[PDB]
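Enquirer: PDB author numbering numbers the first residue of the sequence shown as 700 and each following residue consecutively.
Note that CB positions come from ideal geometry on N, CA and C, so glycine has one too.
Would you mind keeping the following structure in view while I ask a few things?
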Amino acid sequence: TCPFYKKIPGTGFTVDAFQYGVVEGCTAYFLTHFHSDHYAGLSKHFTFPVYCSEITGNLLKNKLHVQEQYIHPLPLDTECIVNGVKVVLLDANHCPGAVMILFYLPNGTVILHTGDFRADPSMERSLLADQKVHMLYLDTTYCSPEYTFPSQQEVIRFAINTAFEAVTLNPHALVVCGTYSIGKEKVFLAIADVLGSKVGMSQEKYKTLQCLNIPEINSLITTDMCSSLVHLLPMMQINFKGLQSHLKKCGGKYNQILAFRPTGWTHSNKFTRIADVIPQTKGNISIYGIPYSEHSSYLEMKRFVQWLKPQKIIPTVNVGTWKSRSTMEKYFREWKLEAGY
Ligand code: NI
């Protein structure tokens, strides 16, 4: 049964609610982005209207085979009427095709659902500037002050410089990058660009990347592993065993692996600067864990919410424990008292 924080009152709408069968009263199912916790339940057998971005639509059609007749893509930054209700989709600064949704309810209330997002000051100059929001359904993944991490630009800077240095010292080194979902594509694209290489990958990951509307993509990626000195592998293989096994397959072309594991936040953030990060090393294999986040830091979240000044907040992450829900409510009340709304 569909939980309350996935229902939009005063409408026939749900958000990211595909794992509960037919939801009573739902005339339109919104999908914020193509991550499995959110799409859980869709397939070629689905027969209700799905509303989403163009990119998310490409992935539904090609990767899950949803029929064309049930896919409704909407452009961003554009006022659209759906089942007689005005909606707008906004870029969420999460993974490719991810959106936030603004709903303009027939009674006058305005609701923002963030989906998954990484708050940014540029959002303060979207169509959000122009009117008041009564309810915010908020991505609270990192809603606690311990959750600190650097900008995406600093993380990419560290990775480019690390890879370029290593391969210039040893032209026979291979770079490997872990992946398990869409998002974070800048990590492997930036490293391959500086090395003058295409990125090599499986047929299945190549198919996924072809759905993303990335400019000039055919110039950037390939299924021919032999021509490439940046390879992608499933995240589960990014360990000493998996990487040894991969180096064997390359036919004595390479004699060293340097690998990157993009994670979310980890506790080594509480002591160490991005500059000071060191790898795990066994022999000719080194593994770097780098904190490339596609969710708001606590400081970014707080800045956005204090700017938006919503009348009510409904968290969508960490909602399963009393302690979690209580903690998040305390922070919302500080932020409100500090800013005066
Ligand atoms: Ni996500």
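#1: Using only the alpha-carbon positions, how far apart do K1011 and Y1030 sit?
#2: Pick helix, strand or coil for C925, following the three-state DSSP scheme.
#3: Assign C779 to buried or exposed, taking buried as 16 or more other Cβ atoms, counted over all protein chains shown, within 10 Å of its Cβ.
#4: Alpha carbon to alpha carbon, what distance is there between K1008 and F887?
#5: Check whether the Cβ of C842 lies closer than 7 Å to any heavy atom of the ligand NI, and answer yes or no.
#6: Nearest to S880 by CA position, among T962, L804 and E999, is which residue?
#7: Residue ranges of each alpha helix (DSSP H) run of no fewer than 4 residues wholly in the stretch 990-1023, ordered along the chain?
#8: With DSSP collapsed to three states, give me the class of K831.
#9: Mind checking which residues open and close the alpha helix (DSSP H) that includes residue 1059?
#10: Starting from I890, follow the alpha helix (DSSP H) in both directions and report where the run begins and ends.
#11: With a threshold of 7 Å, establish whether the CB of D815 neighbours any heavy atom of the ligand SAH.
#12: In this structure, what does DSSP give as the bridge partners for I986?
#13: Assess, as a yes-or-no matter, whether the stretch 921-940 is touched by the stretch 897-908 under the definition of 3 or more beta carbon pairs within less than 8 Å.
#14: Look at the alpha carbon of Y836 and the alpha carbon of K947, and state the distance between them as a whole number of angstroms.
#15: Taking the Cβ atom as the reference point for each residue, do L826 and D776 lie within a distance shorter than 8 Å?
#16: Can you list, in chain order, the residues of its chain with a C-beta nearer than 6 Å to that of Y987? Leave out the 5 residues immediately preceding and following it.
#17: Following the continuous alpha helix (DSSP H) through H737, name the residue where it begins and the one where it ends.
#18: Over the uninterrupted alpha helix (DSSP H) stretch that includes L811, give me the two end residues.
#19: Look up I973 in the DSSP assignment and say whether it is helix, strand or coil.
#20: Comparing the CB of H812 with every heavy atom of the ligand NI, is any distance shorter than 7 Å?
#21: Could you give the distance in angstroms between the alpha-carbon of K762 and the alpha-carbon of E1037?
#22: Rounded to whole angstroms, how far is the Cβ of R817 from the Cβ of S992, which I believe are closer than 8 Å?
#23: With burial defined as no fewer than 16 other Cβ atoms inside 10 Å of the residue's Cβ, what is the status of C842: buried or exposed?
#24: Closest by CA to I770, which one among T839, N782 and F747?
#25: Under the three-state reduction of DSSP, which class applies to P820: helix, strand or coil?
#26: Report the residue from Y953, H833 and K831 whose alpha carbon sits nearest the alpha carbon of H871.
#27: Whole angstroms is fine: what's the gap from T1026's alpha carbon to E884's?
#28: Going by DSSP, what residues sit across from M799 in a beta bridge?
Expert: Well, looking at it:
#1: 13 Å
#2: helix
#3: exposed
#4: Cα to Cα, the separation comes out at about 37 Å.
#5: no
#6: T962
#7: Taken in chain order, the complete alpha helix (DSSP H) segments of 4 residues or longer contained in the stretch 990-1023 are 997-1007.
#8: Look at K831 here: in three-state DSSP terms it is coil, with no helix or strand label.
#9: For residue 1059 there is no data in the structure shown, the boundaries of the chain being 700 and 1040.
#10: That run of the alpha helix (DSSP H) goes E884 to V893.
#11: No copy of the ligand SAH occurs in the structure displayed; its ligands are the ligand NI alone.
#12: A958 and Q979
#13: yes
#14: 49 Å
#15: If you check the CB distance, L826 and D776 come in under 8 Å.
#16: For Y987, where only same-chain residues beyond five positions count, the Cβ hits under 6 Å are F959 and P978.
#17: In this chain, the alpha helix (DSSP H) harbouring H737 covers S735 to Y738.
#18: Unbroken run through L811 is the beta strand (DSSP E), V809 to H812; no alpha helix (DSSP H).
#19: helix
#20: Between the ligand NI and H812, a heavy atom-to-CB distance of less than 7 Å is absent.
#21: 46 Å
#22: 7 Å
#23: Buried, since its Cβ has 16 or more Cβ neighbours within 10 Å.
#24: Considering only alpha carbons, the answer is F747.
#25: helix
#26: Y953
#27: 33 Å
#28: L789
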